[PDB]
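Here the Cβ positions follow ideal geometry from the backbone for every residue, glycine too, while neighbour counts run over all protein chains shown. Coordinate-derived values only; no laboratory data.
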Amino acid sequence: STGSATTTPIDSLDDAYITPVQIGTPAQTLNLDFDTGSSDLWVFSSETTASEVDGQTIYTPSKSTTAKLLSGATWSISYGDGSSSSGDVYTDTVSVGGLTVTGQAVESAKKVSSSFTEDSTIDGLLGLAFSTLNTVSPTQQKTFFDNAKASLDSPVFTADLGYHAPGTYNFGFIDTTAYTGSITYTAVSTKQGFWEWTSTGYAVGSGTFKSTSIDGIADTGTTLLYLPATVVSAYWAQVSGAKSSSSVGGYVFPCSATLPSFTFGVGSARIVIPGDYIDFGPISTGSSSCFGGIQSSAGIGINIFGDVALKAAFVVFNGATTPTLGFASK
Ligand SMILES: C[C@H]1CC[C@H](NC(=O)Cn2ccnc2)CC1
């Protein structure tokens, strides 16, 4: 089997991407944030504290003839941005782009933190990291991909995120029309539960490539590119007036700037992030200070190849017995 679904930016800055997902019978379609940095499929629901729902579409398990309470199971998750959610668990039929999994754990939120409430466009998350990170207790549950994998034509999914435009998540096949040149594959460590790999270095603009190992994660659920402070300083030093602002919470730059590109290495291959991809717009409405899309990972404890990086590539998440990652230009 295969599936193919369009993923759409939630706003004009590509702050996140949503993908429609069918849950239950009859189908309830929710727009979920596909997150290769986490491993829980959770949704706003009829069980979510009413004051914490503000415009989201909810899953109502009592209206699904295939929903079954997973008795005794609870979940609770916190993310790197400080947001969180928790609740109980159903199993139900879940389909993405024509690919159907029966008995998928659908984690129903009883509580969500303020940032989730405040974002009306995201109805939940669909985790695509390794199932070892799944938070369901006392019986850990599998991701949608983990459940689907054996049925797929090939045990892979691909992320093809757009810049200020829709893109595609495919399951079970590689669309050879969706990228240019060849896909370069690189080793993955699953030891921390992530799609963790080692970039071979970077360049800023038209500058020379610096060969250096940068261990990080391919994370569709993180908006920005988080790299070591040395690398980030080298980038922003090429933008007149750019500075790290403790009050804003990262590097900012004059909105009048033309940003240089940023290149990262995948083996001997190179992925070029155009400068425009690194502009996250005014820090507050009407400001001439703009927020940067490349930020320091110092104090995160891990480098994160988030959407800023991934949207410059066609990315293969290869879930074979020994997982790997593939990157192509597009
Ligand atoms: C320092 C960084 C700050 C931004 C963080 N972004 C997230 O946590 C986004 N997220 C929510 C759910 N899955 C992903 C990542 C760490």
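Taking the Cα centre of the chain as the origin, how large is its charge dipole in debye, to the nearest 20, when only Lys and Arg (+1) and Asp and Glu (-1) carry charge on their Cβ atoms? Working shown, then result.
Values: 12 positive and 26 negative charges, 134 e Å.
It comes to approximately 640 debye.
Assign unit charges at the C-beta atoms only (+1 for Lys and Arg, -1 for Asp and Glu), then state the dipole size of region 57-176 relative to its Cα centre in Debye, rounded to the nearest 20. Walk me through the intermediate numbers first.
Working: 6 positive and 11 negative charges, 86 e Å.
About 420 debye.
At 1.567 mPa s and 4 °C, plugging the Kirkwood radius over alpha-carbon pairs of region 5-174 into Stokes-Einstein gives what diffusion coefficient in µm²/s?
On the way: Rh = 15.9 Å.
This corresponds to a translational diffusion coefficient of 82 µm²/s.
Enumerate the residues in region 158-186 having an amide nitrogen under 13 Å from the point lying 7 Å beyond the Cα of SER211 toward its Cβ.
Output list for this probe position: empty.
If you find the alpha carbon centre of region 266-287 and of region 3-23, how far apart are they in angstrom?
Between the Cα centre of region 266-287 and that of region 3-23, the gap is 19 Å.
Multiplying the sequence separation of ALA320 and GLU118 by 0.36 nm and subtracting their Cα-Cα distance, what value in nm do you get? Walk me through the numbers before you get to the answer.
Details: separation 202, 0.36 × 202 = 72.72 nm, distance 3.79 nm.
That pair, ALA320 and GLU118, stretches by 68.9 nm at full extension.
Can you tell me which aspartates and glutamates have their Cα less than 18 Å from the Cα of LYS63? Leave out same-chain residues fewer than eight positions away.
Hits, sequence-local ones excluded: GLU47, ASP88, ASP92, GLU107, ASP123.
So how far apart, in nm, are the two label points at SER151 and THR258 if each is 7 Å from Cα heading toward Cβ?
The two pseudo-label positions are separated by 5.1 nm.
Please list log₁₀ I(q)/I(0) at q = 0.14, 0.16, 0.17, 0.21 Å⁻¹ for region 73-201, using the Debye equation with identical point scatterers on the alpha-carbon positions.
-0.81, -1.04, -1.16, -1.48
Can you tell me how much longer the chain between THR100 and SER46 gets when fully stretched, taken as 0.36 nm per residue apart minus their C-alpha distance, in nm with one decimal? All intermediate terms of the calculation are to be shown ahead of the outcome.
Details: separation 54, 0.36 × 54 = 19.44 nm, distance 2.30 nm.
Answer, rounded to one decimal: 17.1 nm.
Would you calculate, for the chain, the mean residue ellipticity at 222 nm contributed by helices, counting each DSSP H stretch of 4 or more residues as -39,500 (n - 2.57) and dividing by all residues, to the nearest 500? Display every interim value, and only then the final one.
Values: 4 runs with 22 residues, N = 330.
When only DSSP H runs of four or more count, the value is -1500 deg cm²/dmol.
Output the direction-averaged projected area (hull surface divided by four) of the convex hull of the alpha-carbon atoms of region 175-330, in nm².
On the way: hull surface 39.2 nm².
Averaged projected area of region 175-330's Cα convex hull equals 9.8 nm².
Mind checking which of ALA328, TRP236, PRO254 is farthest towards the positive end of region 175-330's charge dipole, using Cβ charges of +1 (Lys, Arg) and -1 (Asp, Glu) about the Cα centre?
In region 175-330, that residue is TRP236.
Quick one: if the Förster radius is 41 Å, what FRET efficiency do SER4 and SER240 give, using the C-beta to C-beta distance and rounding to 0.05?
Numbers: r = 43 Å, r/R0 = 1.06.
Efficiency computed from Cβ-Cβ geometry: 0.40.
Using per-residue counts of other Cβ atoms within 10 Å, averaged over each peptide, order 45-51, 225-231, 308-314, 244-250 from highest down. Before the final figure, lay out the partial values.
Working: 45-51: 15.1, 225-231: 20.6, 308-314: 25.4, 244-250: 12.4.
The packing order, highest mean first, is 308-314, 225-231, 45-51, 244-250.
Take the Cα radius of gyration of the chain and divide it by 2.2 N^0.38 Å, with N its residue count; two decimals is plenty.
Expressed relative to 2.2 N^0.38 Å, the Cα Rg reads 0.98.
Take every Cα pair under 8 Å in the chain that's 6+ residues apart, average their separations, divide by the length, and report that relative contact order as a whole percent.
Details: 882 pairs, mean separation 61.5, N = 330.
About 19 percent, as a whole number.
Within region 119-149, whose backbone N sits under 15 Å from a point 7 Å along Cα→Cβ of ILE302?
Correct set: 127-135.
Beyond a 23 Å Cα-Cα separation, which of these cross-linked pairs lie in this structure: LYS110/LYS311; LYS142/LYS191; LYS111/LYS191? Please list the in-between numbers first.
Numbers: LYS110/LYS311 33 Å; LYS142/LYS191 17 Å; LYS111/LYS191 30 Å.
Exceeds cut-off: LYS110/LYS311; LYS111/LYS191.
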